[PDB]
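The first residue of the sequence shown is numbered 1, and numbering continues consecutively from there. Quick note: numbers below take in every heavy atom, side chains included, and nothing from hydrogens, waters or symmetry partners.
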Amino acid sequence: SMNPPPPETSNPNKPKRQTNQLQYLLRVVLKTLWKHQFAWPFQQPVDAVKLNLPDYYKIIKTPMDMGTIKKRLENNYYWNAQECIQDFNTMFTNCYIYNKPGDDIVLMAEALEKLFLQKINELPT
Ligand SMILES: Cc1cc(/N=N/c2ccc(C(=O)Nc3ccccc3N)cc2)c2cc[nH]c2c1O
């Protein structure tokens, strides 16, 4: 296919380890962005076939989306909160480097990123 397999979301051999930062990332950060009116383009991996972006996966080396992030948090895939924050950053970067400024998708990403950064400013210690 033109699309890669979706990013892995489970680590069967990683110990289960909770942190209050990971709790905050799921219950505050992800939850707030997931319910936002602009979340929908970001709730699943980019399907370059259905969306007619044939060059997407030639330009975007590390695909990322909030559906993947949500499942990773639910599955305790991340060893630490910084790994999760990096995935959010990657998702936004992909959008900004692939799409044209002023495309509706970019304005939607920017609104979500603003909310993301506001919540990250209150990440517990
Ligand atoms: C991250 C990202 C996502 C992108 N579109 N993601 C979409 C997802 C669902 C949809 C969708 O269900 N649309 C709909 C709306 C009302 C009723 C039915 C449907 N099927 C569209 C785009 C695009 C497009 C261009 N660059 C994109 C990009 O960088």
Close side-chain approach of [X] to [Y], heavy-atom, < 4.5 Å:
X	Y	value
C95	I105	yes
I97	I60	yes
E83	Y77	no

Closest approach of [X] to [Y] (non-hydrogen atoms, all atoms of both residues):
X	Y	result
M66	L30	O-CD2, 4.1 Å
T32	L115	CG2-CD2, 3.5 Å
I69	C84	CG2-SG, 3.9 Å
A39	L112	CA-CD1, 4.2 Å
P63	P4	CG-CG, 4.5 Å

Could you name each residue pair satisfying salt bridge (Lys or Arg N to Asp or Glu O under 4.0 Å) that touches residues 18-29, not counting sequence neighbours?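 As it turns out, there is no salt bridge (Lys or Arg N to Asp or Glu O under 4.0 Å) pair with a partner in residues 18-29 once direct neighbours are skipped.
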Reported [atom1]-to-[atom2] distance for the pair [X] and [Y], which is rounded to 0.5 angstrom:
X	Y	atom1	atom2	answer
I59	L53	CD1	CG	9.5 Å
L25	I85	CG	CD1	5.0 Å
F42	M108	CZ	CE	6.0 Å
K31	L73	NZ	CG	13.5 Å

Flag, side chain of [X] to backbone of [Y], donor-acceptor distance under 3.5 Å:
X	Y	answer
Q43	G67	no
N75	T9	yes
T93	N89	yes
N94	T62	yes
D65	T68	yes
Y56	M2	no

Sequence neighbours excluded, which residues qualify as side-chain hydrogen bond (donor to acceptor under 3.5 Å, both in side chains) partners of [X]?
X	result
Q86	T90
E74	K70
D47	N3
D87	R72, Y78

Can you name the residues that form a ring pair (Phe, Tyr, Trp, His ring centres under 6.0 Å) with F88, not counting sequence neighbours?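 Expected list: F116.
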Once you measure the plane-to-plane angle for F92 and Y96, does it fall in the parallel (<30°), tilted (30-60°) or perpendicular (>60°) bin?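 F92 and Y96: parallel rings.
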